[PDB]
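Student: My questions all concern the structure below.
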Amino acid sequence: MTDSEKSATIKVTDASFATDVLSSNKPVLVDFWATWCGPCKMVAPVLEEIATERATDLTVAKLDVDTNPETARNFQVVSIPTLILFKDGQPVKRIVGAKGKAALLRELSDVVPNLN
């Protein structure tokens, strides 16, 4: 089953990346992913929880490399899944391959000192 409030993520494209990711004065986390990749499918529910839980500290976004390969090569992040953390529309940290909740919330507790 699914629902319109099951996630707090945003979806971005090569035509909208500047208006959402580079527009953000707060920290924003882009996951470059595709539905056809196993590790992408495995990190998606962990990022969905991170979007729902960490909304006050950061924003969580997805770039679909299957329909925006332009944005995938623009940052050289084609080696999916690939996570970029931006602050004030400028890149600050890079991560590649899947994470579990513990590893993802360590790398985001680096900006959320409250947990974990």
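Scheme for the structure tokens: letters A, B, ... for chains in order shown; per-chain residue numbers from 1; ligand numbers from 1 in order shown.
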Once DSSP has gone over the backbone, tell me which residues of range 21-74 of chain A are in strand (DSSP E), as a PyMOL selection string.
Tutor: chain A and resi 28-33+59-64
Student: Include N, CA and C atoms and write out the residues we just selected as a PDB file, in the first residue's frame.
Tutor:
ATOM      1  N   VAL A  28      20.632  20.456   1.774  1.00  0.00           N
ATOM      2  CA  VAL A  28      19.798  19.605   0.912  1.00  0.00           C
ATOM      3  C   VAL A  28      20.594  18.414   0.382  1.00  0.00           C
ATOM      4  N   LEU A  29      20.018  17.226   0.525  1.00  0.00           N
ATOM      5  CA  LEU A  29      20.613  15.935   0.209  1.00  0.00           C
ATOM      6  C   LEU A  29      19.974  15.404  -1.081  1.00  0.00           C
ATOM      7  N   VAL A  30      20.741  15.289  -2.164  1.00  0.00           N
ATOM      8  CA  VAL A  30      20.287  14.671  -3.419  1.00  0.00           C
ATOM      9  C   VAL A  30      20.805  13.242  -3.515  1.00  0.00           C
ATOM     10  N   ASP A  31      19.888  12.291  -3.662  1.00  0.00           N
ATOM     11  CA  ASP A  31      20.178  10.916  -4.054  1.00  0.00           C
ATOM     12  C   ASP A  31      19.974  10.738  -5.569  1.00  0.00           C
ATOM     13  N   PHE A  32      21.081  10.560  -6.287  1.00  0.00           N
ATOM     14  CA  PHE A  32      21.114  10.173  -7.694  1.00  0.00           C
ATOM     15  C   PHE A  32      20.932   8.652  -7.769  1.00  0.00           C
ATOM     16  N   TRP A  33      19.833   8.207  -8.379  1.00  0.00           N
ATOM     17  CA  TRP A  33      19.363   6.817  -8.311  1.00  0.00           C
ATOM     18  C   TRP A  33      18.635   6.379  -9.591  1.00  0.00           C
ATOM     19  N   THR A  59      16.713  19.036   3.710  1.00  0.00           N
ATOM     20  CA  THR A  59      15.715  18.576   2.720  1.00  0.00           C
ATOM     21  C   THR A  59      16.272  17.374   1.960  1.00  0.00           C
ATOM     22  N   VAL A  60      15.442  16.384   1.616  1.00  0.00           N
ATOM     23  CA  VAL A  60      15.871  15.176   0.883  1.00  0.00           C
ATOM     24  C   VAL A  60      15.208  15.119  -0.494  1.00  0.00           C
ATOM     25  N   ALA A  61      16.025  14.943  -1.528  1.00  0.00           N
ATOM     26  CA  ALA A  61      15.658  15.012  -2.935  1.00  0.00           C
ATOM     27  C   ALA A  61      16.152  13.785  -3.723  1.00  0.00           C
ATOM     28  N   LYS A  62      15.473  13.454  -4.826  1.00  0.00           N
ATOM     29  CA  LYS A  62      15.873  12.399  -5.772  1.00  0.00           C
ATOM     30  C   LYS A  62      16.035  12.924  -7.201  1.00  0.00           C
ATOM     31  N   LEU A  63      17.121  12.507  -7.859  1.00  0.00           N
ATOM     32  CA  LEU A  63      17.373  12.677  -9.294  1.00  0.00           C
ATOM     33  C   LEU A  63      17.409  11.290  -9.948  1.00  0.00           C
ATOM     34  N   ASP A  64      16.466  11.053 -10.854  1.00  0.00           N
ATOM     35  CA  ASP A  64      16.277   9.786 -11.549  1.00  0.00           C
ATOM     36  C   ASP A  64      17.204   9.710 -12.777  1.00  0.00           C
TER      37      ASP A  64
END
Student: Skipping near chain neighbours, those fewer than 2 positions away, what residues fall within 9 Å of range 7-19 of chain A using only C-alpha atoms, listed as a list in words?
Tutor: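 Once the nearby chain positions are removed, what remains is residues 3, 4, 5, 21, 22, 23, 24, 30, 47, 48, 49, 50, 51, 52, 53, 55, 59, 60, 61, 62, 63, 64, 67, 68, 69, 70, 71 and 89 of chain A.
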Student: Can you write just those residues out, C-alpha atoms, as a compact mmCIF listing (two decimals), in the first residue's frame?
Tutor:
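Resulting contents of result-v8.txt:
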# COMPACT_ATOMS: atom_id res chain seq x y z
CA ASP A 3 -0.15 7.21 0.56
CA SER A 4 0.63 10.89 -0.35
CA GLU A 5 2.20 11.48 3.16
CA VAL A 21 18.61 22.07 -4.93
CA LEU A 22 20.66 25.20 -5.80
CA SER A 23 17.73 27.39 -4.54
CA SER A 24 17.92 25.94 -0.96
CA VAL A 30 20.29 14.67 -3.42
CA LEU A 47 16.40 7.93 2.63
CA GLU A 48 12.53 8.01 2.89
CA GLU A 49 12.82 7.68 6.71
CA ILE A 50 15.69 10.27 6.68
CA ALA A 51 13.40 12.65 4.67
CA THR A 52 10.48 12.13 7.12
CA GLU A 53 12.65 12.44 10.29
CA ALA A 55 13.06 17.69 7.51
CA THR A 59 15.71 18.58 2.72
CA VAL A 60 15.87 15.18 0.88
CA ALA A 61 15.66 15.01 -2.94
CA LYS A 62 15.87 12.40 -5.77
CA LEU A 63 17.37 12.68 -9.29
CA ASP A 64 16.28 9.79 -11.55
CA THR A 67 15.38 10.13 -17.33
CA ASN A 68 18.00 12.79 -16.32
CA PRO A 69 21.43 11.29 -17.32
CA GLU A 70 22.37 14.97 -18.07
CA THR A 71 22.35 15.74 -14.28
CA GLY A 89 23.23 25.49 -3.06
Student: Wanna dump the range 32-66 of chain A-range 95-111 of chain A contacts at 10 Å for me, each residue with its shortest atom pair and the distance in Å to one decimal, counting only C-alpha atoms, ordered by chain and number, as JSON lines?
Tutor:
{"residue": "A:32", "atom": "CA", "partner": "A:96", "partner_atom": "CA", "distance": 9.5}
{"residue": "A:38", "atom": "CA", "partner": "A:98", "partner_atom": "CA", "distance": 9.0}
{"residue": "A:39", "atom": "CA", "partner": "A:98", "partner_atom": "CA", "distance": 5.2}
{"residue": "A:40", "atom": "CA", "partner": "A:98", "partner_atom": "CA", "distance": 6.6}
{"residue": "A:41", "atom": "CA", "partner": "A:98", "partner_atom": "CA", "distance": 8.8}
{"residue": "A:42", "atom": "CA", "partner": "A:98", "partner_atom": "CA", "distance": 6.6}
{"residue": "A:43", "atom": "CA", "partner": "A:98", "partner_atom": "CA", "distance": 5.1}
{"residue": "A:44", "atom": "CA", "partner": "A:98", "partner_atom": "CA", "distance": 8.8}
{"residue": "A:45", "atom": "CA", "partner": "A:101", "partner_atom": "CA", "distance": 9.1}
{"residue": "A:46", "atom": "CA", "partner": "A:101", "partner_atom": "CA", "distance": 5.6}
{"residue": "A:47", "atom": "CA", "partner": "A:104", "partner_atom": "CA", "distance": 7.9}
{"residue": "A:49", "atom": "CA", "partner": "A:101", "partner_atom": "CA", "distance": 8.3}
{"residue": "A:50", "atom": "CA", "partner": "A:105", "partner_atom": "CA", "distance": 7.5}
{"residue": "A:54", "atom": "CA", "partner": "A:108", "partner_atom": "CA", "distance": 8.8}
{"residue": "A:57", "atom": "CA", "partner": "A:111", "partner_atom": "CA", "distance": 7.6}
{"residue": "A:58", "atom": "CA", "partner": "A:111", "partner_atom": "CA", "distance": 8.5}
Student: Using DSSP on the backbone coordinates, identify the residues of chain A assigned to alpha helix (DSSP H); present them as number ranges by chain.
Tutor: A: 17-20, 38-53, 69-74, 101-109
Student: Using only C-alpha atoms, can you tell me which of A:20, A:113, A:25, A:74 comes closest to residue 88 in chain A?
Tutor: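 Looking only at the distances to residue 88 in chain A, the closest residue turns out to be A:25.
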Student: I'd like the interatomic distance between CA of residue 76 in chain A and CA of residue 112 in chain A, to a tenth of an Å.
Tutor: 26.8 Å
Student: Nearest to residue 26 in chain A: which of A:66, A:56, A:80, A:73 is it, counting only C-alpha atoms?
Tutor: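 Using only C-alpha atoms, residue 26 in chain A sits closest to A:56.
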Student: What's the separation between CA of residue 72 in chain A and CA of residue 86 in chain A, in Å to one decimal place?
Tutor: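 CA of residue 86 in chain A lies at a distance of 15.3 Å from CA of residue 72 in chain A.
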Student: So that I can see what lies close to residue 94 in chain A, please list as number ranges by chain the residues with an atom at most 8 Å from it, counting only C-alpha atoms and leaving out residues fewer than 3 positions away in the same chain.
Tutor: A: 82-85
Student: Selected residues, N, CA and C atoms, written as a PDB file, in the first residue's frame, please.
Tutor:
ATOM      1  N   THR A  82      24.350   7.394  -5.731  1.00  0.00           N
ATOM      2  CA  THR A  82      25.303   8.437  -5.326  1.00  0.00           C
ATOM      3  C   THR A  82      24.570   9.549  -4.587  1.00  0.00           C
ATOM      4  N   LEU A  83      25.006   9.841  -3.365  1.00  0.00           N
ATOM      5  CA  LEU A  83      24.444  10.860  -2.487  1.00  0.00           C
ATOM      6  C   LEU A  83      25.364  12.088  -2.494  1.00  0.00           C
ATOM      7  N   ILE A  84      24.799  13.271  -2.737  1.00  0.00           N
ATOM      8  CA  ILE A  84      25.468  14.561  -2.533  1.00  0.00           C
ATOM      9  C   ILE A  84      24.704  15.356  -1.487  1.00  0.00           C
ATOM     10  N   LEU A  85      25.414  15.844  -0.472  1.00  0.00           N
ATOM     11  CA  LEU A  85      24.903  16.858   0.437  1.00  0.00           C
ATOM     12  C   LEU A  85      25.409  18.239   0.002  1.00  0.00           C
TER      13      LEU A  85
END
